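Next come structure tokens for two forms of one protein chain, structure 1 first, structure 2 second.
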Structure 1
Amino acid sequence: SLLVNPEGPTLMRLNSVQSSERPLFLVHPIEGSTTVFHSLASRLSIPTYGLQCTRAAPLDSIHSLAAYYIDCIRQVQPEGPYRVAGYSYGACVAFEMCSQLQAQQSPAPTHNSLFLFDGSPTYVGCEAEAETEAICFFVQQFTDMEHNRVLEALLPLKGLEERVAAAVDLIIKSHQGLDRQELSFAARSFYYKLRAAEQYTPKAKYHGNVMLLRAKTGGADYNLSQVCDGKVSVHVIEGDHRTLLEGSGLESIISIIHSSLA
């Protein structure tokens, strides 16, 4: 899976457009990288930035992460409204960022544009078990090892740091050239990211318009109507969860969002 530079800037420039036009801000999927947005960003005639998940990111909750990302983007664009989007895990974060923006200017309606790429605030035994499960899933991507084997290696360890260290060692054994500090940060942050997303529930009903770009190859609105009482527009995009932001699906996405990004 993708890795991020733990010391990388939170707010990354994704294309070379330099103007005063309101930028599009794109929130990372769970891997925390913004490289998945390269194609989309290259198509746009507005400055496009990504929020990547680095050592800077507060992972205690989706609320904290979203608050931090809002604070970052408001440095590039001091005045709203904001064009914010999120992909997969990032959809939950992007939704929370807009939820916080709504609360800050309440009862004045927001005119923030929110695009959810195949994700939603809903579509994202004990703590030692939770760490183990999360770290096991993380290892299973990078390695070919059977679930039970990774489980018996991680489950009895002392705590999160020991699980992370053993996970990095397991991954390195299979892929010697991978960077140990990037893997250590990715593994530890993966647990915190899952824990935050699983505890997340929006604090209030979202009144703003939401656009969901759902992958054609798999509720129809990813439960958006349950947390949104504004206009929810759902578009079915060619491709799967990982390919809708490329090729034909990205062409469709560009045509659908063009008028909003004017």
Structure 2
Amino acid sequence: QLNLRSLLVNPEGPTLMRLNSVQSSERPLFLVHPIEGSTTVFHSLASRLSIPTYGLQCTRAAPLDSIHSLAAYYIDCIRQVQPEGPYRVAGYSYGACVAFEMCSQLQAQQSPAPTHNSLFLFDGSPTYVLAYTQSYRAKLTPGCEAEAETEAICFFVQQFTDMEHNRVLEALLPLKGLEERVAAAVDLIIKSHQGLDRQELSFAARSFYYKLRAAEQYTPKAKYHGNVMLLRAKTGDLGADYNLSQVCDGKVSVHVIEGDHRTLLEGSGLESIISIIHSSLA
């Protein structure tokens, strides 16, 4: 596909970035990236929202040892613009899991006072990401980390080139460790796209593996007491609430939205989401 710079983050970029020019005292919406770590997917939404909108992007500054560490770091970044709650948080896809942990940590900090934080999940959940990682893992040799590394880096290379799965798998499988798999992957992508930045790609390939690892290993400590809204694609089985009932003990509202996983933040889907958010800020 095109705009490959949407699959890449500036590793020396800021974690928190304005995504619209709305200047007002109304509390901002913070939007958490999909797995590629960029805020690109949110530009249409942000340009249409009548409240100040920021994006959270995944730079060299982000800790990826756990979803818990990542979420704590994104809360600290948010407080550089909004020191005090309540907080409006959304996440898309991989970002849905991360935003959920941020709201849990904010709940814990204030316990037992009820927070009036708002959480929106764009087509994912703690479980939606787990389901994906468990699928890819369950077609591999168990206990064979080299095969997991190979699988992750192969998927990354396939988002930049049209190379067949098996020929990328063959090239990466016999290599000594992650850093060699990363170096081989950047050389393959550079061949297809000679002007892309080697350090951007290196950071993107390595972090892709670490992001997947953090997501597998994630389970909320306790359940989220706040009320959540899920905005899931009309065109996707994992369940109607993507298993949020298992991790929330508050009001879980599900809206089905025109489009698929990739298109629901655009076109007809985007109109519905904008109307839902704009009324839902109430």
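Here, residue number means position along structure 1's sequence, counting from 1. Think of the rigid core as the biggest set of C-alphas that the two forms share within 1.5 Å after superposition.
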property: Residue 106: Cα shift of 2 Å or greater between structure 1 and structure 2 (core-aligned); result: no
property: Did residue 71 shift 2 Å or more between structure 1 and structure 2, C-alpha, core superposed; result: no
property: Per-residue Cα shift, residue 179, between structure 1 and structure 2 [Å; core superposed]; result: 1.9
property: Core superposition result - C-alpha of residue 15, shift between structure 1 and structure 2, Å; result: 0.4
